[PDB]
>>> print(open('query-v9.txt').read())   # compact mmCIF, C-alpha atoms
# COMPACT_ATOMS: atom_id res chain seq x y z
CA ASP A 38 109.13 153.24 -0.19
CA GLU A 39 110.09 156.58 1.41
CA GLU A 40 110.45 158.31 4.80
CA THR A 41 110.08 162.00 5.52
CA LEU A 42 112.75 163.77 7.57
CA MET A 43 111.22 167.26 7.41
CA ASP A 44 108.08 168.67 5.81
CA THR A 45 107.02 172.38 6.03
CA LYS A 46 103.41 171.24 5.67
CA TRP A 47 103.60 169.65 9.13
CA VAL A 48 103.83 173.08 10.72
CA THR A 49 100.70 174.73 12.01
CA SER A 50 102.32 177.58 13.99
CA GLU A 51 105.40 179.09 12.29
CA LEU A 52 108.49 177.80 10.51
CA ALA A 53 110.50 180.66 12.06
CA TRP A 54 113.43 179.93 9.72
CA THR A 55 116.34 182.42 9.58
CA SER A 56 116.22 185.13 6.89
CA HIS A 57 119.46 186.98 6.13
CA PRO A 58 118.78 189.87 5.63
CA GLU A 59 115.33 190.23 7.24
CA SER A 60 114.24 192.43 4.34
CA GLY A 61 114.57 189.36 2.03
CA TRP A 62 112.69 186.11 2.47
CA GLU A 63 109.46 186.51 4.47
CA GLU A 64 107.25 183.84 6.04
CA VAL A 65 103.56 184.11 5.19
CA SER A 66 100.31 182.29 5.88
CA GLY A 67 99.62 180.53 2.53
CA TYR A 68 97.93 177.65 0.69
CA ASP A 69 99.01 174.60 -1.27
CA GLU A 70 97.38 173.48 -4.55
CA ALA A 71 94.54 171.80 -2.62
CA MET A 72 94.02 174.91 -0.42
CA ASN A 73 95.44 173.33 2.73
CA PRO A 74 96.54 176.20 5.00
CA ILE A 75 100.35 176.03 5.30
CA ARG A 76 103.36 178.18 6.07
CA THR A 77 105.11 179.58 3.00
CA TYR A 78 108.11 181.80 2.29
CA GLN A 79 108.24 184.51 -0.32
CA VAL A 80 110.74 187.03 -1.61
CA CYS A 81 110.25 189.71 -4.32
CA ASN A 82 112.74 192.57 -4.15
CA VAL A 83 112.75 192.87 -7.98
CA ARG A 84 113.20 196.64 -8.14
CA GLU A 85 116.16 196.75 -5.78
CA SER A 86 119.73 196.12 -6.90
CA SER A 87 122.34 193.91 -5.25
CA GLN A 88 119.92 191.26 -3.92
CA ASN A 89 121.51 188.36 -2.05
CA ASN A 90 118.69 186.98 0.10
CA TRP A 91 119.30 183.86 2.12
CA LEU A 92 117.02 181.68 4.13
CA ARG A 93 118.15 178.74 6.39
CA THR A 94 115.86 176.05 7.78
CA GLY A 95 116.04 174.53 11.27
CA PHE A 96 118.43 171.67 11.92
CA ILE A 97 117.33 168.30 10.45
CA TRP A 98 118.68 164.96 11.93
CA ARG A 99 119.75 162.70 9.08
CA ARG A 100 119.61 159.37 11.00
CA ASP A 101 121.71 156.89 8.99
CA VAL A 102 120.72 158.34 5.60
CA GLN A 103 123.40 158.64 2.91
CA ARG A 104 121.48 160.54 0.22
CA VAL A 105 118.70 163.02 1.04
CA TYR A 106 116.09 163.98 -1.54
CA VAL A 107 114.37 167.39 -1.34
CA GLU A 108 111.01 168.09 -2.91
CA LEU A 109 110.33 171.78 -3.57
CA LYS A 110 107.04 173.31 -4.61
CA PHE A 111 107.20 176.90 -5.70
CA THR A 112 105.84 179.56 -8.00
CA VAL A 113 107.77 182.22 -9.92
CA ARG A 114 106.65 185.43 -11.53
CA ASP A 115 107.82 185.95 -15.17
CA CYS A 116 110.20 188.98 -15.06
CA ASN A 117 108.82 190.35 -18.27
CA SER A 118 105.27 190.43 -16.89
CA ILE A 119 106.34 193.00 -14.27
CA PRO A 120 105.87 196.65 -15.44
CA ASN A 121 109.10 198.68 -15.97
CA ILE A 122 111.29 195.94 -14.53
CA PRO A 123 115.10 196.46 -14.44
CA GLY A 124 117.20 193.97 -16.42
CA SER A 125 118.57 192.38 -13.19
CA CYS A 126 115.27 190.56 -12.50
CA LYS A 127 115.83 186.80 -12.06
CA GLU A 128 113.65 183.70 -12.32
CA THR A 129 115.77 181.08 -10.54
CA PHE A 130 116.88 180.44 -6.99
CA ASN A 131 119.65 178.31 -5.45
CA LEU A 132 119.29 175.37 -3.01
CA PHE A 133 122.15 174.54 -0.54
CA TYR A 134 122.77 172.29 2.43
CA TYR A 135 125.01 172.55 5.49
CA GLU A 136 126.05 169.46 7.48
CA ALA A 137 126.74 169.71 11.18
CA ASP A 138 127.09 167.32 14.12
CA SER A 139 124.71 169.43 16.20
CA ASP A 140 122.46 172.50 15.97
CA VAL A 141 125.44 174.92 15.78
CA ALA A 142 123.55 177.69 13.91
CA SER A 143 121.84 180.62 15.56
CA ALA A 144 119.59 183.39 14.23
CA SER A 145 121.64 185.71 16.50
CA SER A 146 125.00 184.37 15.25
CA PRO A 147 126.43 185.66 11.98
CA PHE A 148 124.85 183.85 9.04
CA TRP A 149 128.11 182.60 7.40
CA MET A 150 129.81 179.68 9.16
CA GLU A 151 133.31 178.17 9.00
CA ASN A 152 132.30 175.75 6.25
CA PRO A 153 130.34 176.68 3.10
CA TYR A 154 126.70 176.14 2.44
CA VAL A 155 127.14 173.51 -0.27
CA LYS A 156 125.19 173.97 -3.46
CA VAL A 157 122.69 171.32 -4.46
CA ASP A 158 121.38 173.11 -7.55
CA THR A 159 120.21 176.20 -9.33
CA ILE A 160 116.45 175.63 -9.50
CA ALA A 161 114.44 176.98 -12.43
CA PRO A 162 110.68 176.83 -12.99
CA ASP A 163 109.07 174.89 -15.82
CA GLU A 164 106.30 177.54 -15.70
CA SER A 165 106.11 181.10 -14.50
CA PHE A 166 103.07 183.31 -13.88
CA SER A 167 102.96 185.71 -16.72
CA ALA A 171 99.70 182.22 -15.83
CA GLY A 172 101.47 178.85 -15.18
CA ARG A 173 101.07 176.24 -12.41
CA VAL A 174 102.86 175.31 -9.12
CA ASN A 175 106.31 173.84 -9.94
CA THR A 176 107.45 170.64 -8.22
CA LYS A 177 111.14 169.73 -8.41
CA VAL A 178 113.15 166.99 -6.70
CA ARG A 179 116.89 167.23 -6.12
CA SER A 180 119.24 165.26 -3.89
CA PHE A 181 122.52 165.57 -2.08
CA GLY A 182 125.06 163.45 -0.23
CA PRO A 183 126.87 161.35 0.79
CA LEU A 184 126.26 162.72 4.25
CA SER A 185 128.53 161.92 7.20
CA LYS A 186 127.48 164.26 10.03
CA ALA A 187 124.54 163.89 12.40
CA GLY A 188 122.30 166.37 10.58
CA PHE A 189 122.00 169.23 8.17
CA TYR A 190 120.31 172.51 7.37
CA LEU A 191 118.88 173.47 4.00
CA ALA A 192 119.26 177.02 2.69
CA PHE A 193 117.92 179.02 -0.22
CA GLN A 194 119.47 181.95 -2.07
CA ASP A 195 117.48 184.51 -4.00
CA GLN A 196 119.22 187.23 -6.01
CA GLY A 197 116.33 189.28 -7.35
CA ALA A 198 113.54 186.90 -8.25
CA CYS A 199 109.86 187.22 -7.39
CA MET A 200 108.82 183.84 -6.04
CA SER A 201 107.06 181.86 -3.39
CA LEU A 202 108.40 178.75 -1.73
CA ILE A 203 105.18 176.84 -1.13
CA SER A 204 106.68 173.79 0.55
CA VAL A 205 109.86 171.87 1.24
CA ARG A 206 110.10 168.22 2.09
CA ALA A 207 113.35 166.44 2.83
CA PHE A 208 113.08 162.67 2.54
CA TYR A 209 114.98 159.45 1.90
CA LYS A 210 114.28 156.39 -0.21
CA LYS A 211 114.06 153.01 1.52
>>> encode(input="query-v9.txt", output="structure tokens")
Amino acid sequence: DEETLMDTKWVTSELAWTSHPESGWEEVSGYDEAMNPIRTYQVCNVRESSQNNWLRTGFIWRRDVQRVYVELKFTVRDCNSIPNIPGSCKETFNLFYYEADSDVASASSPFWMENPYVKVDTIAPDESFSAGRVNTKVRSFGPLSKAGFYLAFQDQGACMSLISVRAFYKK
């Protein structure tokens, strides 16, 4: 038994998450594996140096949940399949969370807050398009003690697409 706290596939308009910088992660009209229309995020600045692209979700109320699970579905381009690629190309991204007692963040505020985004994990693909298949990975974090949290993603020079994100808890 499970309950969903947030799912990107619920959204029919726009996620309108916060990209820092704007030239990094980009929201796009996309498709899941079953060709449901859904909102996706992508980033692929593979020929530029010094990439540190962050993306932060909206605020998610945690209820009374101690440990949150996060299901990510994503695709990654094999670095070595990209013509004349610099050696800095990456194939992983990082997942973080940020606990808060209220929706303190703002897309107009500076991105970095008093407390750190706390790392959940470095996420690697099982398969990368080179052809490969959509990757599905589940990670968790906690114990939580504040009213809610944000999730956040860091790219540093990969070419990938975040197809969906679902935060849930196990009952």
>>> residues_around(input="query-v9.txt", residues="residue 105 of chain A", least_positions_apart="4", cutoff="12 Å", atoms="all atoms listed in the file", output="tab-separated table (two decimals) with C-alpha atoms, keeping the file's coordinate frame")
chain	number	residue	atom	x	y	z
A	39	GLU	CA	110.09	156.58	1.41
A	40	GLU	CA	110.45	158.31	4.80
A	41	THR	CA	110.08	162.00	5.52
A	42	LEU	CA	112.75	163.77	7.57
A	43	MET	CA	111.22	167.26	7.41
A	97	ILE	CA	117.33	168.30	10.45
A	98	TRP	CA	118.68	164.96	11.93
A	99	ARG	CA	119.75	162.70	9.08
A	100	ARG	CA	119.61	159.37	11.00
A	101	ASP	CA	121.71	156.89	8.99
A	134	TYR	CA	122.77	172.29	2.43
A	136	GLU	CA	126.05	169.46	7.48
A	157	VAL	CA	122.69	171.32	-4.46
A	178	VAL	CA	113.15	166.99	-6.70
A	179	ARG	CA	116.89	167.23	-6.12
A	180	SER	CA	119.24	165.26	-3.89
A	181	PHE	CA	122.52	165.57	-2.08
A	182	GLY	CA	125.06	163.45	-0.23
A	183	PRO	CA	126.87	161.35	0.79
A	184	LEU	CA	126.26	162.72	4.25
A	185	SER	CA	128.53	161.92	7.20
A	188	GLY	CA	122.30	166.37	10.58
A	189	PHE	CA	122.00	169.23	8.17
A	190	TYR	CA	120.31	172.51	7.37
A	191	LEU	CA	118.88	173.47	4.00
A	206	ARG	CA	110.10	168.22	2.09
A	207	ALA	CA	113.35	166.44	2.83
A	208	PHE	CA	113.08	162.67	2.54
A	209	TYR	CA	114.98	159.45	1.90
A	210	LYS	CA	114.28	156.39	-0.21
A	211	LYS	CA	114.06	153.01	1.52
>>> atom_distance(input="query-v9.txt", atom1="atom CA of residue 113 of chain A", atom2="atom CA of residue 89 of chain A")
17.0 Å
>>> closest_residue(input="query-v9.txt", among="A:194, A:145, A:49, A:60", to="residue 93 of chain A", atoms="all atoms listed in the file")
A:194
>>> closest_residue(input="query-v9.txt", among="A:132, A:52, A:155, A:80", to="residue 114 of chain A", atoms="all atoms listed in the file")
A:80
>>> atom_distance(input="query-v9.txt", atom1="atom CA of residue 199 of chain A", atom2="atom CA of residue 160 of chain A")
13.5 Å
>>> residues_near_point(input="query-v9.txt", point="(122.0, 176.9, -9.3)", cutoff="9 Å", atoms="only C-alpha atoms", output="MDAnalysis selection string")
chainID A and resid 129:132 156:161
>>> axis_aligned_box(input="query-v9.txt", around="segment 39-46 of chain A", padding_each_side="6 Å", output="JSON")
{"center_x": 108.1, "center_y": 164.5, "center_z": 4.5, "size_x": 21.3, "size_y": 27.8, "size_z": 18.2}
>>> closest_residue(input="query-v9.txt", among="A:115, A:79, A:173, A:135", to="residue 151 of chain A", atoms="only C-alpha atoms")
A:135
>>> closest_residue(input="query-v9.txt", among="A:91, A:120, A:56, A:47", to="residue 73 of chain A", atoms="all atoms listed in the file")
A:47
>>> closest_residue(input="query-v9.txt", among="A:86, A:152, A:77, A:167", to="residue 196 of chain A", atoms="only C-alpha atoms")
A:86
>>> atom_distance(input="query-v9.txt", atom1="atom CA of residue 148 of chain A", atom2="atom CA of residue 123 of chain A")
28.4 Å
>>> closest_residue(input="query-v9.txt", among="A:126, A:144, A:187, A:83", to="residue 102 of chain A", atoms="all atoms listed in the file")
A:187
>>> residues_around(input="query-v9.txt", residues="residue 147 of chain A", least_positions_apart="6", cutoff="12 Å", atoms="only C-alpha atoms", output="PyMOL selection string")
chain A and resi 55-58+141
>>> residues_near_point(input="query-v9.txt", point="(111.5, 189.7, -1.3)", cutoff="10 Å", atoms="only C-alpha atoms", output="PyMOL selection string")
chain A and resi 59-63+78-85+88+90+195-201
>>> decode(input="query-v9.txt", residues="segment 78-114 of chain A", atoms="N, CA, C and O atoms", output="mmCIF file, in the first residue's frame")
data_model
loop_
_atom_site.group_PDB
_atom_site.id
_atom_site.type_symbol
_atom_site.label_atom_id
_atom_site.label_comp_id
_atom_site.auth_asym_id
_atom_site.auth_seq_id
_atom_site.Cartn_x
_atom_site.Cartn_y
_atom_site.Cartn_z
ATOM 1 N N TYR A 78 11.232 17.593 -18.168
ATOM 2 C CA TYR A 78 12.335 18.540 -18.082
ATOM 3 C C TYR A 78 13.552 17.942 -18.759
ATOM 4 O O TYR A 78 13.804 16.753 -18.665
ATOM 5 N N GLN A 79 14.313 18.767 -19.451
ATOM 6 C CA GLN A 79 15.480 18.265 -20.125
ATOM 7 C C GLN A 79 16.603 19.263 -19.948
ATOM 8 O O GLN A 79 16.366 20.454 -19.755
ATOM 9 N N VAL A 80 17.822 18.761 -20.048
ATOM 10 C CA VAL A 80 19.022 19.593 -20.019
ATOM 11 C C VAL A 80 20.090 18.894 -20.891
ATOM 12 O O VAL A 80 20.242 17.676 -20.832
ATOM 13 N N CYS A 81 20.822 19.643 -21.708
ATOM 14 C CA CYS A 81 21.850 19.031 -22.544
ATOM 15 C C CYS A 81 22.886 20.051 -23.004
ATOM 16 O O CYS A 81 23.056 20.266 -24.186
ATOM 17 N N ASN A 82 23.571 20.686 -22.060
ATOM 18 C CA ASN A 82 24.614 21.635 -22.389
ATOM 19 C C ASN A 82 25.970 20.907 -22.439
ATOM 20 O O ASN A 82 26.906 21.293 -21.754
ATOM 21 N N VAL A 83 26.075 19.868 -23.266
ATOM 22 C CA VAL A 83 27.254 18.992 -23.258
ATOM 23 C C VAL A 83 28.523 19.600 -23.860
ATOM 24 O O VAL A 83 29.639 19.163 -23.548
ATOM 25 N N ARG A 84 28.371 20.625 -24.685
ATOM 26 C CA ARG A 84 29.532 21.259 -25.279
ATOM 27 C C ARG A 84 29.975 22.525 -24.550
ATOM 28 O O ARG A 84 30.840 23.253 -25.026
ATOM 29 N N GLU A 85 29.356 22.806 -23.410
ATOM 30 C CA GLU A 85 29.730 23.991 -22.667
ATOM 31 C C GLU A 85 30.445 23.511 -21.405
ATOM 32 O O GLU A 85 30.157 22.433 -20.897
ATOM 33 N N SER A 86 31.429 24.267 -20.950
ATOM 34 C CA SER A 86 32.156 23.895 -19.757
ATOM 35 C C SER A 86 31.460 24.484 -18.532
ATOM 36 O O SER A 86 30.567 25.331 -18.659
ATOM 37 N N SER A 87 31.871 24.023 -17.357
ATOM 38 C CA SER A 87 31.446 24.620 -16.100
ATOM 39 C C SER A 87 29.930 24.544 -15.861
ATOM 40 O O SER A 87 29.349 25.489 -15.335
ATOM 41 N N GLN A 88 29.302 23.437 -16.244
ATOM 42 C CA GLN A 88 27.863 23.267 -16.058
ATOM 43 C C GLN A 88 27.529 22.940 -14.609
ATOM 44 O O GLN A 88 28.126 22.066 -14.016
ATOM 45 N N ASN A 89 26.578 23.673 -14.047
ATOM 46 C CA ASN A 89 26.077 23.411 -12.709
ATOM 47 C C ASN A 89 24.608 23.820 -12.721
ATOM 48 O O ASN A 89 24.245 24.893 -12.252
ATOM 49 N N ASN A 90 23.784 22.978 -13.339
ATOM 50 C CA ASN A 90 22.385 23.306 -13.614
ATOM 51 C C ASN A 90 21.434 22.710 -12.598
ATOM 52 O O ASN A 90 21.330 21.474 -12.468
ATOM 53 N N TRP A 91 20.729 23.582 -11.882
ATOM 54 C CA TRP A 91 19.836 23.131 -10.851
ATOM 55 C C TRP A 91 18.394 23.377 -11.245
ATOM 56 O O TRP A 91 18.072 24.277 -12.014
ATOM 57 N N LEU A 92 17.536 22.573 -10.659
ATOM 58 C CA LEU A 92 16.127 22.609 -10.871
ATOM 59 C C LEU A 92 15.475 22.280 -9.504
ATOM 60 O O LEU A 92 15.883 21.337 -8.842
ATOM 61 N N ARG A 93 14.493 23.078 -9.081
ATOM 62 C CA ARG A 93 13.812 22.879 -7.790
ATOM 63 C C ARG A 93 12.310 22.797 -8.063
ATOM 64 O O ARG A 93 11.764 23.634 -8.785
ATOM 65 N N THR A 94 11.665 21.801 -7.462
ATOM 66 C CA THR A 94 10.241 21.585 -7.610
ATOM 67 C C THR A 94 9.501 22.615 -6.757
ATOM 68 O O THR A 94 10.130 23.398 -6.021
ATOM 69 N N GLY A 95 8.169 22.612 -6.861
ATOM 70 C CA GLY A 95 7.309 23.323 -5.905
ATOM 71 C C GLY A 95 7.409 22.682 -4.529
ATOM 72 O O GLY A 95 8.045 21.647 -4.357
ATOM 73 N N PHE A 96 6.795 23.323 -3.547
ATOM 74 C CA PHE A 96 6.788 22.843 -2.184
ATOM 75 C C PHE A 96 5.820 21.665 -2.077
ATOM 76 O O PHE A 96 4.707 21.728 -2.588
ATOM 77 N N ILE A 97 6.240 20.608 -1.387
ATOM 78 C CA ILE A 97 5.400 19.410 -1.201
ATOM 79 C C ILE A 97 5.138 19.190 0.320
ATOM 80 O O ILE A 97 6.091 19.059 1.095
ATOM 81 N N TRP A 98 3.872 19.196 0.754
ATOM 82 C CA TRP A 98 3.504 18.933 2.178
ATOM 83 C C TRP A 98 3.754 17.467 2.503
ATOM 84 O O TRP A 98 3.378 16.604 1.721
ATOM 85 N N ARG A 99 4.416 17.174 3.621
ATOM 86 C CA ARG A 99 4.814 15.807 3.890
ATOM 87 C C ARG A 99 3.772 15.066 4.743
ATOM 88 O O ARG A 99 3.853 13.849 4.876
ATOM 89 N N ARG A 100 2.790 15.792 5.284
ATOM 90 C CA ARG A 100 1.792 15.200 6.194
ATOM 91 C C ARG A 100 2.496 14.729 7.477
ATOM 92 O O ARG A 100 3.188 15.513 8.139
ATOM 93 N N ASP A 101 2.354 13.450 7.800
ATOM 94 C CA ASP A 101 3.022 12.890 8.974
ATOM 95 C C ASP A 101 4.074 11.859 8.552
ATOM 96 O O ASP A 101 4.494 11.043 9.356
ATOM 97 N N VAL A 102 4.530 11.943 7.298
ATOM 98 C CA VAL A 102 5.403 10.937 6.707
ATOM 99 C C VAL A 102 6.858 11.071 7.157
ATOM 100 O O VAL A 102 7.436 12.140 7.066
ATOM 101 N N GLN A 103 7.440 9.977 7.629
ATOM 102 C CA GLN A 103 8.813 9.957 8.082
ATOM 103 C C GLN A 103 9.805 9.777 6.936
ATOM 104 O O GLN A 103 10.771 10.527 6.832
ATOM 105 N N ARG A 104 9.573 8.768 6.100
ATOM 106 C CA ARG A 104 10.442 8.503 4.953
ATOM 107 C C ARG A 104 9.670 8.665 3.640
ATOM 108 O O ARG A 104 8.632 8.051 3.437
ATOM 109 N N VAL A 105 10.185 9.519 2.765
ATOM 110 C CA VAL A 105 9.593 9.728 1.448
ATOM 111 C C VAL A 105 10.396 8.953 0.429
ATOM 112 O O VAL A 105 11.633 8.988 0.429
ATOM 113 N N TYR A 106 9.684 8.242 -0.435
ATOM 114 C CA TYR A 106 10.272 7.571 -1.607
ATOM 115 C C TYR A 106 10.045 8.446 -2.844
ATOM 116 O O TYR A 106 9.041 9.190 -2.938
ATOM 117 N N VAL A 107 10.981 8.392 -3.780
ATOM 118 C CA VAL A 107 10.909 9.220 -5.000
ATOM 119 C C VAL A 107 11.179 8.287 -6.151
ATOM 120 O O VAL A 107 12.215 7.607 -6.170
ATOM 121 N N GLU A 108 10.229 8.225 -7.085
ATOM 122 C CA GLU A 108 10.375 7.428 -8.279
ATOM 123 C C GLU A 108 10.724 8.370 -9.428
ATOM 124 O O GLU A 108 9.980 9.301 -9.714
ATOM 125 N N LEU A 109 11.862 8.127 -10.062
ATOM 126 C CA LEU A 109 12.294 8.927 -11.213
ATOM 127 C C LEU A 109 12.302 8.091 -12.468
ATOM 128 O O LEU A 109 12.795 6.956 -12.464
ATOM 129 N N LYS A 110 11.800 8.678 -13.553
ATOM 130 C CA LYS A 110 11.889 8.038 -14.851
ATOM 131 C C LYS A 110 12.607 9.029 -15.722
ATOM 132 O O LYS A 110 12.285 10.228 -15.698
ATOM 133 N N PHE A 111 13.609 8.540 -16.464
ATOM 134 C CA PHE A 111 14.508 9.427 -17.155
ATOM 135 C C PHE A 111 15.268 8.672 -18.219
ATOM 136 O O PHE A 111 15.384 7.405 -18.185
ATOM 137 N N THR A 112 15.756 9.435 -19.197
ATOM 138 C CA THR A 112 16.582 8.878 -20.260
ATOM 139 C C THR A 112 17.866 9.682 -20.333
ATOM 140 O O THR A 112 17.875 10.869 -19.988
ATOM 141 N N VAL A 113 18.944 9.036 -20.776
ATOM 142 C CA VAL A 113 20.272 9.646 -20.785
ATOM 143 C C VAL A 113 20.935 9.277 -22.112
ATOM 144 O O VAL A 113 20.901 8.125 -22.541
ATOM 145 N N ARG A 114 21.546 10.258 -22.745
ATOM 146 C CA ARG A 114 22.318 10.024 -23.927
ATOM 147 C C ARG A 114 23.748 9.566 -23.546
ATOM 148 O O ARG A 114 24.416 10.217 -22.726
#
